[PDB]
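In the deposited numbering, the protein residues as written are 105 to 263.
Think of the CB as a built atom: it goes at the ideal place given N, C-alpha and C, for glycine as much as any other residue.
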Ligand SMILES: NC(=O)[C@H](CCC(=O)O)NC(=O)[C@H](CCC(=O)O)NC(=O)CCc1ccc(-c2cc(-c3ccccc3)cs2)cc1
Ligand SMILES: [Ca+2]
Ligand SMILES: [Ca+2]
Ligand SMILES: [Ca+2]
Ligand SMILES: [Zn+2]
Ligand SMILES: [Zn+2]
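Structure (structure tokens):
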């Protein structure tokens, strides 16, 4: 078992916005991604603009201040740290990707669901049906559902 948040009220802050999308769409993608996970756990997520935000959402490129540099367009899309203080919980998105609300470029919502999974303490799944599976694939956002493996995973951490 990986680290878990020791509380059920979790704050996030969007540190900065990708120029790829309009700010409202980024807000929406991230809010919906958190909702995916709160729907199956006791966790609640609230957005703040400063202070002790647990999960900082960041768009950055290349070497961006942690020991996990990005790689330009393609390859690594994003990464996140497991629960913990400071950088713990933070989710970083490679600005060298083209972030979208849709199937073109890289879908932000789907990517954030995966990354928030990490921010909550989940590792990768070997189940190709699970959002925690290591590789990106676009699926109809309107019919997207957490797999039973994802639900198993997150419910093993929070109840
Ligand atoms: N390897 C790839 O296919 C793509 C893009 C390829 C390219 O442009 O270079 N890159 C990535 O996949 C990199 C891997 C980097 C590496 O280890 O090499 N992954 C990462 O950057 C991790 C981030 C991440 C992982 C998974 C997803 C998605 C899962 C689903 C889904 C929905 C329902 C059921 C099952 C799955 C929809 S989307 C989104 C974001
Ligand atoms: Ca943090
Ligand atoms: Ca990349
Ligand atoms: Ca970009
Ligand atoms: Zn990073
Ligand atoms: Zn991952």
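> From 245, 194, 232 and 176, pick the residue whose C-alpha is nearest to that of residue 208; which is it?
Replying inline: Scanning 245, 194, 232 and 176 for the CA closest to the CA of residue 208 turns up 245.
>> Please give me, in chain order, every unbroken run of the alpha helix (DSSP H) with length at least 4 that falls completely inside the segment 106-182.
In response: Those alpha helix (DSSP H) runs which fall completely within the segment 106-182 and span 4+ residues are 127-142.
> Hey, would you say residue 263 sits closer than 8 Å to residue 123, going by beta carbons?
Replying inline: One thing to note: residue 263 has its Cβ no nearer than 8 Å to the Cβ of residue 123.
>> What does the alpha-carbon distance come out to for the pair residue 265 and residue 241?
In response: Any property of residue 265 remains undetermined from this structure, which presents the chain solely from 105 to 263.
> Helix, strand or coil: how does DSSP classify residue 198 here?
Replying inline: Note: residue 198 maps to strand in three-state DSSP.
>> Any contact between the segment 147-158 and the segment 113-121? By contact I mean 3 or more CB pairs, one from each, below 8 Å.
In response: Cβ pair count under 8 Å is three or more, so yes.
> Is DSSP giving residue 204 helix, strand or coil here?
Replying inline: In the displayed model, residue 204 falls within a strand according to three-state DSSP.
> When the Cβ atoms of the segment 250-258 are set against those of the segment 171-180, are three or more pairs found closer than 8 Å?
Replying inline: Segments in contact, no.
> Which class does residue 184 belong to by DSSP, given the choice of helix, strand or coil?
Replying inline: DSSP places residue 184 in strand when its eight states are reduced to three.
>> Would residue 161 and residue 259 qualify as a contact pair, given that the criterion is a beta-carbon distance under 8 Å?
In response: No, they are not a contact pair.
> Is DSSP giving residue 215 helix, strand or coil here?
Replying inline: Reduced to three states, the DSSP call for residue 215 is helix.
> Are there 16 or more other CB atoms within 10 angstroms of the CB of residue 236, so buried, or fewer, so exposed?
Replying inline: Classification for residue 236: buried.
> According to DSSP, which residues form a beta bridge with residue 210?
Replying inline: Bridge pairing for residue 210: 203 [DSSP].
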